[PDB]
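A.B. asks: Please find entry-v3.pdb (PDB, C-alpha atoms) on the next line:
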ATOM      1  CA  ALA A   1     -28.255  44.736 -51.038  1.00  0.00           C
ATOM      2  CA  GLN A   2     -29.175  45.717 -47.484  1.00  0.00           C
ATOM      3  CA  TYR A   3     -31.658  42.858 -47.039  1.00  0.00           C
ATOM      4  CA  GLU A   4     -30.405  39.546 -48.488  1.00  0.00           C
ATOM      5  CA  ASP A   5     -31.737  36.021 -48.718  1.00  0.00           C
ATOM      6  CA  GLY A   6     -29.705  33.913 -46.294  1.00  0.00           C
ATOM      7  CA  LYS A   7     -28.872  36.888 -44.114  1.00  0.00           C
ATOM      8  CA  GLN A   8     -31.846  38.453 -42.314  1.00  0.00           C
ATOM      9  CA  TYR A   9     -34.164  35.859 -43.748  1.00  0.00           C
ATOM     10  CA  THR A  10     -34.273  32.640 -45.737  1.00  0.00           C
ATOM     11  CA  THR A  11     -36.656  31.673 -48.510  1.00  0.00           C
ATOM     12  CA  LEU A  12     -38.817  28.571 -48.525  1.00  0.00           C
ATOM     13  CA  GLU A  13     -37.994  26.527 -51.606  1.00  0.00           C
ATOM     14  CA  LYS A  14     -41.460  25.145 -51.161  1.00  0.00           C
ATOM     15  CA  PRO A  15     -43.760  28.150 -50.589  1.00  0.00           C
ATOM     16  CA  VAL A  16     -46.978  27.622 -48.669  1.00  0.00           C
ATOM     17  CA  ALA A  17     -50.167  28.772 -50.382  1.00  0.00           C
ATOM     18  CA  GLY A  18     -52.970  30.498 -48.463  1.00  0.00           C
ATOM     19  CA  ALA A  19     -50.665  30.972 -45.476  1.00  0.00           C
ATOM     20  CA  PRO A  20     -51.396  33.612 -42.805  1.00  0.00           C
ATOM     21  CA  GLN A  21     -49.565  36.854 -43.555  1.00  0.00           C
ATOM     22  CA  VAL A  22     -47.437  37.013 -40.418  1.00  0.00           C
ATOM     23  CA  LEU A  23     -47.163  33.571 -38.842  1.00  0.00           C
ATOM     24  CA  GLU A  24     -45.276  33.102 -35.571  1.00  0.00           C
ATOM     25  CA  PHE A  25     -44.430  29.795 -33.846  1.00  0.00           C
ATOM     26  CA  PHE A  26     -43.446  29.234 -30.244  1.00  0.00           C
ATOM     27  CA  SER A  27     -43.451  26.802 -27.322  1.00  0.00           C
ATOM     28  CA  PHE A  28     -43.782  27.566 -23.633  1.00  0.00           C
ATOM     29  CA  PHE A  29     -40.820  25.181 -23.173  1.00  0.00           C
ATOM     30  CA  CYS A  30     -38.702  27.278 -25.518  1.00  0.00           C
ATOM     31  CA  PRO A  31     -36.109  29.481 -23.749  1.00  0.00           C
ATOM     32  CA  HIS A  32     -35.626  31.975 -26.607  1.00  0.00           C
ATOM     33  CA  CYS A  33     -39.404  32.167 -26.850  1.00  0.00           C
ATOM     34  CA  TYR A  34     -39.457  33.262 -23.210  1.00  0.00           C
ATOM     35  CA  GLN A  35     -36.979  36.029 -24.068  1.00  0.00           C
ATOM     36  CA  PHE A  36     -38.941  36.946 -27.242  1.00  0.00           C
ATOM     37  CA  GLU A  37     -42.098  37.379 -25.181  1.00  0.00           C
ATOM     38  CA  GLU A  38     -40.939  38.680 -21.796  1.00  0.00           C
ATOM     39  CA  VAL A  39     -37.755  40.583 -22.526  1.00  0.00           C
ATOM     40  CA  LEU A  40     -37.997  41.610 -26.192  1.00  0.00           C
ATOM     41  CA  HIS A  41     -41.756  41.780 -26.853  1.00  0.00           C
ATOM     42  CA  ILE A  42     -41.106  40.775 -30.474  1.00  0.00           C
ATOM     43  CA  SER A  43     -44.721  40.101 -31.466  1.00  0.00           C
ATOM     44  CA  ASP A  44     -45.687  43.461 -30.153  1.00  0.00           C
ATOM     45  CA  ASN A  45     -42.979  45.468 -31.855  1.00  0.00           C
ATOM     46  CA  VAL A  46     -43.569  43.756 -35.186  1.00  0.00           C
ATOM     47  CA  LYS A  47     -47.263  44.682 -34.940  1.00  0.00           C
ATOM     48  CA  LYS A  48     -46.335  48.329 -34.326  1.00  0.00           C
ATOM     49  CA  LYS A  49     -44.496  48.400 -37.661  1.00  0.00           C
ATOM     50  CA  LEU A  50     -46.796  46.202 -39.745  1.00  0.00           C
ATOM     51  CA  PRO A  51     -48.855  47.922 -42.494  1.00  0.00           C
ATOM     52  CA  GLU A  52     -52.510  48.781 -42.568  1.00  0.00           C
ATOM     53  CA  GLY A  53     -54.547  45.586 -42.783  1.00  0.00           C
ATOM     54  CA  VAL A  54     -52.059  42.866 -41.818  1.00  0.00           C
ATOM     55  CA  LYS A  55     -53.204  40.180 -39.379  1.00  0.00           C
ATOM     56  CA  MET A  56     -50.769  38.581 -37.021  1.00  0.00           C
ATOM     57  CA  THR A  57     -51.003  34.879 -36.153  1.00  0.00           C
ATOM     58  CA  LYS A  58     -49.264  32.999 -33.357  1.00  0.00           C
ATOM     59  CA  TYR A  59     -49.276  29.227 -32.837  1.00  0.00           C
ATOM     60  CA  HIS A  60     -47.937  26.774 -30.245  1.00  0.00           C
ATOM     61  CA  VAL A  61     -45.983  23.645 -31.240  1.00  0.00           C
ATOM     62  CA  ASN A  62     -45.908  20.031 -30.011  1.00  0.00           C
ATOM     63  CA  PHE A  63     -42.268  19.079 -30.490  1.00  0.00           C
ATOM     64  CA  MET A  64     -41.033  20.306 -27.119  1.00  0.00           C
ATOM     65  CA  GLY A  65     -41.978  18.925 -23.724  1.00  0.00           C
ATOM     66  CA  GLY A  66     -43.622  15.688 -24.802  1.00  0.00           C
ATOM     67  CA  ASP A  67     -47.043  15.098 -23.294  1.00  0.00           C
ATOM     68  CA  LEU A  68     -47.203  18.484 -21.585  1.00  0.00           C
ATOM     69  CA  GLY A  69     -46.138  20.135 -24.823  1.00  0.00           C
ATOM     70  CA  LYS A  70     -49.279  18.812 -26.477  1.00  0.00           C
ATOM     71  CA  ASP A  71     -51.432  19.848 -23.492  1.00  0.00           C
ATOM     72  CA  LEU A  72     -49.982  23.303 -23.938  1.00  0.00           C
ATOM     73  CA  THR A  73     -50.928  23.367 -27.626  1.00  0.00           C
ATOM     74  CA  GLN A  74     -54.536  22.479 -26.783  1.00  0.00           C
ATOM     75  CA  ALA A  75     -54.467  25.078 -23.961  1.00  0.00           C
ATOM     76  CA  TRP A  76     -53.248  27.733 -26.390  1.00  0.00           C
ATOM     77  CA  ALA A  77     -56.172  26.692 -28.638  1.00  0.00           C
ATOM     78  CA  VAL A  78     -58.447  27.371 -25.614  1.00  0.00           C
ATOM     79  CA  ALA A  79     -56.717  30.708 -25.134  1.00  0.00           C
ATOM     80  CA  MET A  80     -57.312  31.626 -28.834  1.00  0.00           C
ATOM     81  CA  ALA A  81     -60.941  30.517 -28.765  1.00  0.00           C
ATOM     82  CA  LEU A  82     -61.684  32.530 -25.610  1.00  0.00           C
ATOM     83  CA  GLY A  83     -59.527  35.448 -26.701  1.00  0.00           C
ATOM     84  CA  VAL A  84     -57.516  35.375 -23.495  1.00  0.00           C
ATOM     85  CA  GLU A  85     -54.040  35.070 -25.003  1.00  0.00           C
ATOM     86  CA  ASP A  86     -52.971  38.257 -23.297  1.00  0.00           C
ATOM     87  CA  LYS A  87     -53.876  37.017 -19.832  1.00  0.00           C
ATOM     88  CA  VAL A  88     -52.225  33.587 -19.816  1.00  0.00           C
ATOM     89  CA  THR A  89     -49.098  34.039 -21.953  1.00  0.00           C
ATOM     90  CA  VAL A  90     -46.947  35.412 -19.159  1.00  0.00           C
ATOM     91  CA  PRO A  91     -48.053  33.035 -16.334  1.00  0.00           C
ATOM     92  CA  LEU A  92     -47.733  30.042 -18.660  1.00  0.00           C
ATOM     93  CA  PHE A  93     -44.125  30.994 -19.510  1.00  0.00           C
ATOM     94  CA  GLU A  94     -43.217  31.625 -15.880  1.00  0.00           C
ATOM     95  CA  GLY A  95     -45.053  28.513 -14.717  1.00  0.00           C
ATOM     96  CA  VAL A  96     -43.161  26.291 -17.164  1.00  0.00           C
ATOM     97  CA  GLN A  97     -39.768  28.019 -17.113  1.00  0.00           C
ATOM     98  CA  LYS A  98     -39.415  30.265 -14.045  1.00  0.00           C
ATOM     99  CA  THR A  99     -41.227  28.735 -11.077  1.00  0.00           C
ATOM    100  CA  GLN A 100     -41.732  25.295 -12.649  1.00  0.00           C
ATOM    101  CA  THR A 101     -45.124  24.882 -11.101  1.00  0.00           C
ATOM    102  CA  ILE A 102     -46.732  23.595 -14.300  1.00  0.00           C
ATOM    103  CA  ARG A 103     -46.350  19.819 -14.516  1.00  0.00           C
ATOM    104  CA  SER A 104     -49.753  18.611 -15.627  1.00  0.00           C
ATOM    105  CA  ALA A 105     -52.855  19.651 -17.506  1.00  0.00           C
ATOM    106  CA  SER A 106     -54.474  20.478 -14.193  1.00  0.00           C
ATOM    107  CA  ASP A 107     -51.700  22.958 -13.435  1.00  0.00           C
ATOM    108  CA  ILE A 108     -52.153  24.591 -16.858  1.00  0.00           C
ATOM    109  CA  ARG A 109     -55.830  24.826 -16.024  1.00  0.00           C
ATOM    110  CA  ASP A 110     -54.970  26.581 -12.700  1.00  0.00           C
ATOM    111  CA  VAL A 111     -53.279  29.417 -14.583  1.00  0.00           C
ATOM    112  CA  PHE A 112     -56.469  30.106 -16.552  1.00  0.00           C
ATOM    113  CA  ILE A 113     -58.604  29.939 -13.342  1.00  0.00           C
ATOM    114  CA  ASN A 114     -56.247  32.376 -11.651  1.00  0.00           C
ATOM    115  CA  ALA A 115     -56.447  34.658 -14.696  1.00  0.00           C
ATOM    116  CA  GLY A 116     -60.176  34.717 -14.126  1.00  0.00           C
ATOM    117  CA  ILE A 117     -61.499  32.316 -16.753  1.00  0.00           C
ATOM    118  CA  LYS A 118     -64.267  30.278 -15.149  1.00  0.00           C
ATOM    119  CA  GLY A 119     -63.880  26.545 -14.623  1.00  0.00           C
ATOM    120  CA  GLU A 120     -67.029  25.623 -16.527  1.00  0.00           C
ATOM    121  CA  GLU A 121     -65.906  27.874 -19.383  1.00  0.00           C
ATOM    122  CA  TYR A 122     -62.364  26.542 -19.538  1.00  0.00           C
ATOM    123  CA  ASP A 123     -63.418  22.904 -19.370  1.00  0.00           C
ATOM    124  CA  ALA A 124     -66.130  23.446 -21.975  1.00  0.00           C
ATOM    125  CA  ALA A 125     -63.618  25.139 -24.303  1.00  0.00           C
ATOM    126  CA  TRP A 126     -60.974  22.455 -23.620  1.00  0.00           C
ATOM    127  CA  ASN A 127     -63.326  19.713 -24.776  1.00  0.00           C
ATOM    128  CA  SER A 128     -64.932  21.516 -27.699  1.00  0.00           C
ATOM    129  CA  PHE A 129     -64.658  20.549 -31.372  1.00  0.00           C
ATOM    130  CA  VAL A 130     -63.971  24.203 -32.158  1.00  0.00           C
ATOM    131  CA  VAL A 131     -60.814  23.809 -30.027  1.00  0.00           C
ATOM    132  CA  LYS A 132     -60.039  20.500 -31.766  1.00  0.00           C
ATOM    133  CA  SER A 133     -59.866  22.193 -35.223  1.00  0.00           C
ATOM    134  CA  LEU A 134     -57.916  25.059 -33.707  1.00  0.00           C
ATOM    135  CA  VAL A 135     -55.395  22.413 -32.533  1.00  0.00           C
ATOM    136  CA  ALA A 136     -55.562  20.880 -36.041  1.00  0.00           C
ATOM    137  CA  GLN A 137     -54.742  24.278 -37.585  1.00  0.00           C
ATOM    138  CA  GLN A 138     -51.704  24.826 -35.360  1.00  0.00           C
ATOM    139  CA  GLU A 139     -50.300  21.479 -36.343  1.00  0.00           C
ATOM    140  CA  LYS A 140     -51.118  21.926 -40.054  1.00  0.00           C
ATOM    141  CA  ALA A 141     -49.435  25.296 -40.217  1.00  0.00           C
ATOM    142  CA  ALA A 142     -46.308  23.847 -38.586  1.00  0.00           C
ATOM    143  CA  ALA A 143     -46.394  20.780 -40.801  1.00  0.00           C
ATOM    144  CA  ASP A 144     -46.713  22.991 -43.922  1.00  0.00           C
ATOM    145  CA  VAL A 145     -43.344  24.702 -43.314  1.00  0.00           C
ATOM    146  CA  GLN A 146     -41.311  21.635 -42.071  1.00  0.00           C
ATOM    147  CA  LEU A 147     -40.942  23.202 -38.614  1.00  0.00           C
ATOM    148  CA  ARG A 148     -38.241  21.756 -36.312  1.00  0.00           C
ATOM    149  CA  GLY A 149     -37.284  24.873 -34.364  1.00  0.00           C
ATOM    150  CA  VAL A 150     -38.833  27.758 -32.440  1.00  0.00           C
ATOM    151  CA  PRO A 151     -39.119  30.710 -32.087  1.00  0.00           C
ATOM    152  CA  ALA A 152     -39.947  30.991 -35.753  1.00  0.00           C
ATOM    153  CA  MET A 153     -41.699  33.529 -37.922  1.00  0.00           C
ATOM    154  CA  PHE A 154     -42.898  33.250 -41.518  1.00  0.00           C
ATOM    155  CA  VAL A 155     -44.102  35.993 -43.850  1.00  0.00           C
ATOM    156  CA  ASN A 156     -46.828  35.265 -46.424  1.00  0.00           C
ATOM    157  CA  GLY A 157     -45.803  31.641 -46.455  1.00  0.00           C
ATOM    158  CA  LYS A 158     -42.566  32.277 -48.319  1.00  0.00           C
ATOM    159  CA  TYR A 159     -40.045  33.983 -46.073  1.00  0.00           C
ATOM    160  CA  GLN A 160     -38.595  32.883 -42.745  1.00  0.00           C
ATOM    161  CA  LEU A 161     -37.006  35.333 -40.299  1.00  0.00           C
ATOM    162  CA  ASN A 162     -33.365  34.593 -39.592  1.00  0.00           C
ATOM    163  CA  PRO A 163     -32.502  36.136 -36.206  1.00  0.00           C
ATOM    164  CA  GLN A 164     -29.087  34.386 -36.180  1.00  0.00           C
ATOM    165  CA  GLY A 165     -28.064  37.090 -38.687  1.00  0.00           C
ATOM    166  CA  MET A 166     -28.762  40.259 -36.644  1.00  0.00           C
ATOM    167  CA  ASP A 167     -26.619  42.012 -33.991  1.00  0.00           C
ATOM    168  CA  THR A 168     -27.449  41.028 -30.413  1.00  0.00           C
ATOM    169  CA  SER A 169     -25.108  43.489 -28.676  1.00  0.00           C
ATOM    170  CA  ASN A 170     -28.086  45.762 -28.002  1.00  0.00           C
ATOM    171  CA  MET A 171     -31.518  44.241 -27.303  1.00  0.00           C
ATOM    172  CA  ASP A 172     -33.490  47.247 -28.569  1.00  0.00           C
ATOM    173  CA  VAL A 173     -31.549  47.319 -31.832  1.00  0.00           C
ATOM    174  CA  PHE A 174     -32.111  43.591 -32.322  1.00  0.00           C
ATOM    175  CA  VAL A 175     -35.867  44.033 -31.998  1.00  0.00           C
ATOM    176  CA  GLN A 176     -36.115  46.974 -34.438  1.00  0.00           C
ATOM    177  CA  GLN A 177     -33.986  45.164 -36.965  1.00  0.00           C
ATOM    178  CA  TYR A 178     -36.213  42.147 -36.548  1.00  0.00           C
ATOM    179  CA  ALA A 179     -39.415  44.188 -36.963  1.00  0.00           C
ATOM    180  CA  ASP A 180     -38.141  46.232 -39.920  1.00  0.00           C
ATOM    181  CA  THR A 181     -37.239  42.965 -41.584  1.00  0.00           C
ATOM    182  CA  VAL A 182     -40.756  41.644 -41.150  1.00  0.00           C
ATOM    183  CA  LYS A 183     -41.952  44.959 -42.650  1.00  0.00           C
ATOM    184  CA  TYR A 184     -39.567  44.683 -45.606  1.00  0.00           C
ATOM    185  CA  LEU A 185     -40.672  41.113 -46.203  1.00  0.00           C
ATOM    186  CA  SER A 186     -44.276  42.204 -45.815  1.00  0.00           C
ATOM    187  CA  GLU A 187     -44.019  44.768 -48.637  1.00  0.00           C
ATOM    188  CA  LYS A 188     -42.160  42.385 -50.917  1.00  0.00           C
TER     189      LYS A 188
END
Please go through the file and, once you have read it, give me the structure as structure tokens.

C.D. replies:
Amino acid sequence: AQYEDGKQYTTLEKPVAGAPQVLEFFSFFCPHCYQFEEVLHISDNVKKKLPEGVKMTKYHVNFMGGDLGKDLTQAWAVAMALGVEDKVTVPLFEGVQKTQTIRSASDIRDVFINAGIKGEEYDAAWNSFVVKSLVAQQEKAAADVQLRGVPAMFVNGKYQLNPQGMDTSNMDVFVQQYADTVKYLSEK
């Protein structure tokens, strides 16, 4: 066939019930994730090809960057709760990986303040039980699929994108192939 298990995607031999339809995992410590976000705009190009009615979910993971990695997962929970994902994603990536000016929770907090989220509002979110369950969800979703690497994408809790198996000669072509694959998997 044109799309084959083990080529553009793999199948979970233990499928995850009730899973979000398009589920993406990343870490701000993750170098390919930086590329995926900044250079390739993967999430965005997948969205453009996804069907009517499909919701896209993106979660942070703990297994990179130790103590700061966990701070970052809670911070992404704050971002999701406040709906400010689109204002902190880039400065968080560049702060961790480009300028290396993020070294503590307080530095993560600075990024939000600079993006215009108010101190009171950030700190209140940070400490809220709604953010606690949001953290809980990110971990559960990762736990459910045995996740040990990022960037990672899952479709309807049964298929896992396999970017290793796509041509990287051309960045644009890699992205479309990636997005079309999510679409194919989506319609499956």

A.B. asks: Quick one: distance from CA of residue 71 (chain A) to CA of residue 108 (chain A) in Å, one decimal?

C.D. replies: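 We find that CA of residue 71 (chain A) and CA of residue 108 (chain A) lie 8.2 Å from each other.
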
A.B. asks: Could you pull the residues within 12 Å of residue 40 (chain A), counting only C-alpha atoms, minus those fewer than 3 positions along the same chain, as JSON, numbers by chain?

C.D. replies: {"A": [32, 33, 34, 35, 36, 37, 43, 44, 45, 46, 168, 170, 171, 172, 173, 174, 175, 176, 178, 179]}

A.B. asks: With the PyMOL selection byres ((chain A and resi 1-11) around 10) as the selection, what would be picked from this file? Answer as a count of residues only, please.

C.D. replies: 23

A.B. asks: For the file shown, what are the residues hit by the PyMOL selection byres ((chain A and resi 113-128) around 12), laid out as a count of residues only?

C.D. replies: 37

A.B. asks: Which distance in Å separates CA of residue 103 (chain A) and CA of residue 62 (chain A), to one decimal?

C.D. replies: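 Spanning CA of residue 103 (chain A) to CA of residue 62 (chain A) is a straight-line distance of 15.5 Å.
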
A.B. asks: Between CA of residue 55 (chain A) and CA of residue 95 (chain A), what is the distance in Å, rounded to a tenth?

C.D. replies: 28.5 Å

A.B. asks: Give me the result of the PyMOL selection byres ((chain A and resi 20) around 7) on this file, residue by residue, as a PDB file with C-alpha atoms, in the frame of the given file.

C.D. replies:
ATOM      1  CA  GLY A  18     -52.970  30.498 -48.463  1.00  0.00           C
ATOM      2  CA  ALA A  19     -50.665  30.972 -45.476  1.00  0.00           C
ATOM      3  CA  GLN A  21     -49.565  36.854 -43.555  1.00  0.00           C
ATOM      4  CA  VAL A  22     -47.437  37.013 -40.418  1.00  0.00           C
ATOM      5  CA  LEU A  23     -47.163  33.571 -38.842  1.00  0.00           C
ATOM      6  CA  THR A  57     -51.003  34.879 -36.153  1.00  0.00           C
ATOM      7  CA  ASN A 156     -46.828  35.265 -46.424  1.00  0.00           C
ATOM      8  CA  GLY A 157     -45.803  31.641 -46.455  1.00  0.00           C
TER       9      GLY A 157
END

A.B. asks: Of the candidates A:139, A:167, A:180, A:38, which one gets nearest to residue 93 (chain A) if we count only C-alpha atoms?

C.D. replies: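 Comparing A:139, A:167, A:180, A:38 against residue 93 (chain A), the winner is A:38.
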
A.B. asks: With 4 Å of padding per side, what axis-aligned box (centre and edge lengths, Å, one decimal) covers all the listed atoms of region 57-61 of chain A? Give it as AutoDock Vina command-line options.

C.D. replies:
--center_x -48.5 --center_y 29.3 --center_z -33.2 --size_x 13.0 --size_y 19.2 --size_z 13.9

A.B. asks: Using all atoms listed in the file for the distances, tell me which of A:144, A:70, A:24, A:137 is nearest to residue 47 (chain A).

C.D. replies: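 Between A:144, A:70, A:24, A:137, the residue approaching residue 47 (chain A) most closely is A:24.
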
A.B. asks: Just checking: using all atoms listed in the file, which residue out of A:151, A:146, A:187, A:169 ends up closest to residue 31 (chain A)?

C.D. replies: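 Of all the options, A:151 lies closest to residue 31 (chain A).
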
A.B. asks: Between A:54, A:136, A:188, A:65, which one has atoms that come closest to residue 102 (chain A), using all atoms listed in the file?

C.D. replies: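 For residue 102 (chain A), the nearest of the candidates is A:65.
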
A.B. asks: In terms of the shortest atom-to-atom distance over all atoms listed in the file, which of A:186, A:99, A:17, A:147 is closest to residue 50 (chain A)?

C.D. replies: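 Closest candidate: A:186.
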